[PDB]
RNA sequence: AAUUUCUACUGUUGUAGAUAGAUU
Ligand SMILES: [Mg+2]
Ligand SMILES: [Mg+2]
């Protein structure tokens, strides 16, 4: 059996960055501290933190200015309003496309306007902090203007005192602009036109515009129905400052005057809002404002509606109240480093909750109590109020009705009888694909659903209303608990102390968590009402404007928990040490940007090799010529070997730029012919000719002529002449890109220069060069074991075997870092003193050490770090169309392939099954045990040992689980190569498992991702260097990871199949239970049992038999289930039940006589008694239960009611080795069967491009049943 | 209970596997 992956190696190139520690050598540290370089860069990091804040202030200013300047045409806004309001009442896919496009053209206008502005162009690049040509810095100009105009910008900021400091901080970065290269990338979004929730455009159109339109419609209707509601004269006198607007967009006339409430609500005048200042003005109009002298609040539109509602004593008028506009991004309104932060932030949050007053001017508790009481009182319109259809509704159904499926089944069935009573995608749109469901729909559906069910089993809508009537009671507990928190807060109020996370405080922490949990859970219950836009649907719906106005107002204030919850939790679970570090550049703006020899004086970083040890060194800025050609000539000696780095990147643009520019032109002497070639670009099929010259058709002789000129010029070039290019004969290539590729592949070359030890020692001794040793425990003298993979890669960079045909390449843009001391150095385990060994199975229970052992020693001392990127498979091309290649490879080699199916068990962390092409199981075992002869570690026992109330334990379990996964991906890899398999996982994107498992969906998703990334480059440490699977040749079975969503049905060699119906199936017969006896009602039970083909007693065998065809009741077949086994009945203690004896008892109890083996079907249908059918369906369900488990015994198994051709029943305990041994093994096995289907579809695919990797349940059932 | 970093460790100044850094 050859390895089907034997030739899948060196397939595609990918980048990786290796990490190492730098150990100062000789007098290096002494000189560095003497110059104080580290402290300077440390201050530079703090100045970075402040500098981000300054650049934020400039961003905020620019947002205001540009948005104030921006105008948008009335036609587009009116198109928006029209499609929007049309979309409210009727949801048409046409209006969906129309709404998206009408929205997108608004965003396009806003973005296209801002991007052409001058302040924006220099905003994200080097020119922001740097002075171009003569021009000074835009940011500095802004700061200087802010000092000249006497505005105090930074008074709010604690870090920055005054504008002079900000100017000095910004000037400090003038050559250091690269410090912000990451920062600017993140801020690039702020102005983006895409779907990002953090954008100025997104807030304008996606957030504020609908609210404004609603406010407009409420204003117009208010004028119509309530003409004297607003006092129009008085609002001008009070709010005049806000009523003043610079430009009227309706008439496009520029004049400064108070605007009429009619004018402010003109759709064209939205442009005066949409920026922070206008948003503030508008909001003041809506809600009113305060003047410091007055002592009373100036009334707003809303208060006028409120008071006029009092005069006429009408509650309807409040339905016209208006929602506040969202504040613009980066507006002037965080991280918890100590106990004071936890205490103060929590106190502030809950004080905000308690003191908040809604639009109705009552507390959140009072508002919600009044609100939900109204919903129960029926006063509200249930046609206009919606439940979100996500897990929130399922959770509601389970909460009140004790079944998650009731509501969904009820609405589906109700709508089915509604729109299609007589007899498909249409009903789905109305129910299953509906993003939000109306309360009216739920009530009607439930009533009609309850009409046919016994009063015993009925589920009532009044229960749901009572459920939400109950919620405000939670507030009382909150109010109580925070009072206790007050006393807890005082002891932890200390400013610098961390003691909250010590052991003595755990009880208080429990109190804190319980409080936060109560609030967070309260939010989760309310989350169902929230209206959240989801992609692929606008989710604009006709709604009660008062209900959602007050509810959204409460919800958004309450929703602040999740940031608070996450921050406090993160604080409690933080590790003893700290990972904080800051960048080290020694006096040089560009440190590692390239290793090139020509750029050595500029970049200042060089690499040495001494014996098997590797050293990095950095020349002092003043003396960077240390290694110039004369010096390496004078000092050549055998002590250290400096690395000579030569690279020709980007051949396509590099060759022409060098040969065809400036003085080089005269040197390289391009001929009149080849100059004609270049100008008209005849050498390129499609390329830009030199501007001013017209593109010509590709001519092959011309291209080859150009190649010849390039070769000649390479021979003349001083540096590239020594690269020793070996080129195919110029006549051989069909395209210029092939020559470029040869140039690029041979362009990277690494050589060494010997340097005397005395020269290195002296030059570091004088402070001229800083020498560090690149180190990890694999480089220690004591380390005889197997090295880290990264250690193998780093060693491989300089290996001669690698240098012949380059696999591992050295990359530029490396970085050095400094990490200060995070913890006291404590001797946890003194030497010569024995230690208990934590591993349960370890033979030696004690270990004795001659040297001290220090917990988390790496963080006890300051340390230097080095991050060096490298390129893997440099000569190989980029990765594309990988799945097609893999599928073809399987197509040819499918005779030899296997299926490795992995599943997260209920009693097992993970389980796998190797399956034959025919479907037999070659091997199955648990992943619980990770071990070699030295050590076996059982993660199942370890994990079960830990199991989780407090935050710290939950975190420890999660972290351990993720690390255990890091172990398991290797086992999977070994099995893949060994057995020639393909990995089959359950699909976690859609169709993920329902139940309770030892490994959560989120963690298992991590496992799938980790296995993808591991199979990107797969190396076995013991495999031979040159041979496949070795350091040079690593199996590449997967394309690089992209996103969880794009994993899809197949990634590389890994296939994701739906997990549905995996664990509930009979292995031999493929039996599935798709007919679920629920005992809906007596009559329905009679109909349900009547559909059975025949129900009788088998006299010879001794068990009852139920025979049926699914056609009468998704699944198809003739089954004839049996009662044979004993079933353990599912926390609370287990009892073993015998279905045969139970049925004997039930039938004997009634008139029915089974003892003759006559068919009972008619007699069963004869009884009208509730009790008979209730117990009968219960017994039948017991018969249908395949998985039986004892909670304490940790034993579960699968047995199936249907019989094979021999009449033997499948039992996991009596099962052979090629059949699943336990209940979880079944699920793994059937995941493999779905993979077998995918294997077959790969095997049989034809010239048609599309391979169908999606497995429908019908296909699943048919395949599984007849195959054996 | 030692680590470029992570998990489990003692597998002995480290052991097995994992490990794309930076940035927000
Ligand atoms: Mg090792
Ligand atoms: Mg540890």
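Don't overthink the numbers, they just go from 1 along the chain as shown.
Recorded method is X-ray crystallography, 3.3 Å.
Any Cβ shown, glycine's included, is placed from N, Cα and C.
Quick look at what Swiss-Prot annotates:
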- A:903: active site, for DNase activity of RuvC domain (ACT_SITE)
- A:986: active site, for DNase activity of RuvC domain (ACT_SITE)
- A:1224: active site, for DNase activity of RuvC domain (ACT_SITE)
- A:302-306: region 'Binds DNA in crRNA-target DNA heteroduplex' (REGION)
- A:327-330: region 'Binds crRNA in crRNA-target DNA heteroduplex' (REGION)
- A:524-527: region 'Binds crRNA in crRNA-target DNA heteroduplex' (REGION)
- A:578-648: region 'Wedge region 2' (REGION)
- A:648-665: region 'LKL, important for PAM recognition and DNA unwinding' (REGION)
- A:657-663: region 'Binds DNA protospacer adjacent motif (PAM) on target DNA' (REGION)
- A:678-690: region 'Binds single-strand non-target DNA' (REGION)
- A:17: site 'Binds crRNA alone and in crRNA-target DNA heteroduplex' (SITE)
- A:296: site 'Binds crRNA in crRNA-target DNA heteroduplex' (SITE)
- A:321: site 'Binds DNA in crRNA-target DNA heteroduplex' (SITE)
- A:404: site 'Caps the crRNA-target DNA heteroduplex' (SITE)
- A:599: site 'Binds DNA protospacer adjacent motif (PAM)' (SITE)
- A:657: site 'Binds PAM' (SITE)
- A:663: site 'Binds Target strand DNA' (SITE)
- A:809: site 'Binds Target strand DNA' (SITE)
- A:812: site 'Binds Target strand DNA' (SITE)
- A:819: site 'Binds crRNA' (SITE)
- A:1006: site 'Binds DNA in crRNA-target DNA heteroduplex' (SITE)
- A:1043: site 'Binds DNA in crRNA-target DNA heteroduplex' (SITE)
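Spanning 6 unmodelled residues, the gap from residue A:947 to residue A:948 amounts to 6 Å when taken between Cα atoms.
Here residue A:657 (site 'Binds PAM') is compared against the active-site residues A:903, A:986, A:1224, and the shortest C-alpha distance is to A:986. Same-chain residues lying 6+ beyond the ends of the region 'Binds DNA in crRNA-target DNA heteroduplex' (A:302-306) with a Cβ under 8 Å from its Cβ atoms: 222, 226, 229-231, 235, 286-288, 317-318, 320-322, 359, 361.
Taking only the Cα positions, the spacing between residue A:404 (site 'Caps the crRNA-target DNA heteroduplex') and residue A:986 (active site, for DNase activity of RuvC domain) is 23 angstrom.
For the recorded site, residue A:321 (site 'Binds DNA in crRNA-target DNA heteroduplex'), the DSSP three-state label reads coil. In the shown protein chains, 7 other C-beta atoms lie within 10 A of the C-beta of residue A:663 (site 'Binds Target strand DNA'). Within 10 Å of its Cβ, the residue among the recorded sites A:599, A:657, A:809, A:819, A:1006 with the fewest other Cβ atoms is A:657. One thing to note is that 7 residues go unmodelled from residue A:333 to residue A:334, and the Cα atoms at each side are 12 Å apart.
Annotation: residues between residue A:1130 and residue A:1131 (8 in total) lack coordinates; Cα distance 8 Å. Note on the active-site residues A:903, A:986, A:1224: the fewest other CB atoms within 10 A surround the CB of A:986.
Distance (Cα-Cα) between residue A:1113 and residue A:1114, which enclose 3 unmodelled residues in the deposited structure, is 9 Å. For the recorded sites A:17, A:321, the greatest number of Cβ atoms within 10 Å around a candidate Cβ is found at A:321. The chain break between residue A:423 and residue A:424 spans 8 missing residues, with the CA atoms of the two ends lying 11 Å apart. For residue A:819 (site 'Binds crRNA'), the nearest of the recorded positions by C-alpha distance turns out to be A:17; the candidates were A:17, A:599, A:663, A:986, A:1006.
Note on proximity: of the recorded positions A:321, A:903, A:1043, A:1224, the one nearest residue A:812 (site 'Binds Target strand DNA') is A:1043, by Cα distance. Under DSSP, residue A:819 (site 'Binds crRNA') is assigned to a strand (E or B) in the three-state scheme. Closest in space to residue A:296 (site 'Binds crRNA in crRNA-target DNA heteroduplex'), of the active-site residues given as A:903, A:986, A:1224, is A:986, taking the CA atom of each residue.
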